[PDB]
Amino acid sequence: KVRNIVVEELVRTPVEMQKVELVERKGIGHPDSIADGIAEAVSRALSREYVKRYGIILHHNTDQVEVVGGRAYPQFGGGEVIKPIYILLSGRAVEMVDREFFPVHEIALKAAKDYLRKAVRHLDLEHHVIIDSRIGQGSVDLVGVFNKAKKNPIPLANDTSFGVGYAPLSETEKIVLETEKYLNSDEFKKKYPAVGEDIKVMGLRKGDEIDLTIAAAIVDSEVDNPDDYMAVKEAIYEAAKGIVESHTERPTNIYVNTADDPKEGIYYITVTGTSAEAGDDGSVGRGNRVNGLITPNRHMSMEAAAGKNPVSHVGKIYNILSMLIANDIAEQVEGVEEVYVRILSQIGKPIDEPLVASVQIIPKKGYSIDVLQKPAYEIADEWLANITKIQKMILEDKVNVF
């Protein structure tokens, strides 16, 4: 196919040289991220079962999840939950296949629980949380589905939407991403079971100076007094330092739980390891983009990838693809300092035929856009030709969407 790809130079200062860079990440126990990961765990568990029974992922979109805050009162040595966290699953999934029922609600509720067990280790999943499903019923005749799939080997776009992604990551980006990932590793979680999964990380660079703030819920059953807690914070400090030192020679101030105040009793302790116990809410699409970050020095799509199907929904598929394409361009094409990729769907045309795939590149010093633009074009075109590979990448947990 001749595809609508456009490669242009982007004239601005590269982000490493911009004076003020702000990067955020919401970790895996943060209420918005809990919603994202449930939304996605439901889509994937549904998708796997549809493939198991019928060979093919049937239509669904479970990109709507509300995390409604409970009430709890932590205390050194072990506080308690008073009102449970209430989670609602919605979106839509095929449940009537010909005349038979597919167990959408059973699958969805089990995936949600299974995902939470691993996202918030200290949450009692039977007594601190209620999870209900209001996932909409769709219907399909299976012969119609296969016929439509024979007619269009690359699925048709259902919506007019764009995805966006860029590469490579900056030092501040890499520090932020890796700091939350390290702190929420299974590995680290076995060394310090006081560290809850609700970790927000913020990285603010002014010039060559970086402030890295970590806000991390401590679990009160694992810390019997302010001193145990203070030792926990220090271990978070030392964690972060070795990530910071692996990533920059810039001088860096690290802060943990800045709101604390020993005098007035104030410490960031929680019964469960998420602030969703205390009345903070979450919902899908309010947090990390598909590269795992929130990055106002860069660009983004407002489409929420989590929970959307990986077969036809470009709000997931073109966010993923834009990141993959930007990444291969930054890595494979000498001369690229930065690259931003933006893809807009053409409703009723195949998802590999977008209205545009806009690639915008800042050359390294010395390089002309003219030598960059052919190899950038080819990478983008080849990924577009192979767009249906994102289905399996999703089924096999090979890419993240938040």
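We number the residues from 1 along the sequence you see.
- When the mean C-alpha temperature factors of 288-296 and 98-106 are read from the deposited coordinates, 98-106 comes out higher.
- Of the two segments examined, 264-272 and 163-171, it is 264-272 that shows the higher average Cα temperature factor in the deposited entry.
- As recorded in the PDB entry, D227 shows the highest C-alpha B-factor of the residues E303, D227, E277, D328.
- Taking the deposited Cα B-factors for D281, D132, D114, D220, the highest one is held by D220.
- In this PDB entry, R250 carries a Cα temperature factor that places it within the highest third of its chain's modelled residues.
- Per the PDB record, residue ranking by Cα B-factor puts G37 in the lowest third of the chain.
- Ranked against the other modelled residues of its chain, the C-alpha B-factor of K365 as given in the entry falls in the highest third.
- In this PDB entry, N319 carries a Cα temperature factor that places it within the lowest third of its chain's modelled residues.
- The deposited CA B-factor of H313 belongs to the lowest third of values across its chain.
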